[PDB]
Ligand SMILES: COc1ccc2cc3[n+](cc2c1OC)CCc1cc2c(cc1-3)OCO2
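What follows is one chain in structure tokens, specifically the form solved without the ligand.
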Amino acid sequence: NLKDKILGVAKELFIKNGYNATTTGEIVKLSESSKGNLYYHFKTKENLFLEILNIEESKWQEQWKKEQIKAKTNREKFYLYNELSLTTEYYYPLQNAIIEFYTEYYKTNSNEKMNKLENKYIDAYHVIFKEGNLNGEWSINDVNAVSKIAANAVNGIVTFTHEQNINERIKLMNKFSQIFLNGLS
């Protein structure tokens, strides 16, 4: 494919290098195409990016729903999601690029995705926490808040520890999950 040949390079480059690091040109080189390509479906550079964030985010959320079955209680689903977050090949491997990007385009008026993609990012925690209320596993009045806090705290543990033994990572994340859930009841 071609449109899905560029994305494959954009993704790989945004991961290896940074957002700025890789530019419209660099893509075309390895992606092997021209300028026009990036016009109809691929408007601006930030467009080709927000696109990938959409894909990747969906791939992850999909993989989660296919694997969330191994977790019988929502308390287990919480633990699992956070753990899985450390090993997926999806979405999380772009957080560094997201930061860079967000701090270099939070000017344009299209912080619309960053607040549209955010809902999908914290939705898994929304469902997990909401369902937990239906199962009496816990009682949280401010779900939306907790969801946001959890998603970001976790994203932090995954992103700012990406420089050490992965079993150490998985250990921490679990001690985290424990402490969090424990502070909820």
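So that there is no doubt, residue numbering starts at 1 and follows the sequence shown. In this text, rigid core is short for the largest set of C-alphas that superpose within 1.5 Å between two forms.
Another form, the form deposited with the ligand bound, is not on view; read the next lines as being about it.
- With the site C-alphas superposed, the ligand from its pose in the deposited complex puts 3 or more atoms within 2.4 Å of the backbone and C-beta atoms of the shown form; the site is blocked.
- Stretch 52-60 is the contacting one of 39-47, 52-60, 127-135, 24-32, since its residues have non-hydrogen atoms within 4.5 Å of the ligand in the deposited complex.
- A residue is said to contact a partner when one of its heavy atoms sits within 4.5 Å of a partner heavy atom; residue 68 fails this definition for the ligand in the deposited complex, lying far away.
- Taking the partner from elsewhere, every residue among 88, 118 and 121 has a non-hydrogen atom within 4.5 angstroms of the ligand in the deposited complex.
- The single residue of 147-178 lying near the ligand in the deposited complex is 155, the criterion being any heavy atom within 4.5 Å.
- A movement of the C-alpha atom of residue 63 falling short of 2 angstroms is seen between the shown form and the other one when the two forms are aligned on their rigid core.
- The rigid-core alignment places the CA of residue 22 2 Å or more apart between the shown form and the other one.
- After superposition on the rigid core, displacement of the C-alpha of residue 100 between the shown form and the other one amounts to 2 Å or more.
- In the deposited complex, the CA atoms of residue 175 and residue 90 come closer by at least 3 angstroms compared with the shown structure.
- A change of 3 Å or more separates the two forms for residue 79 and residue 93: their C-alpha atoms lie farther apart in the deposited complex.
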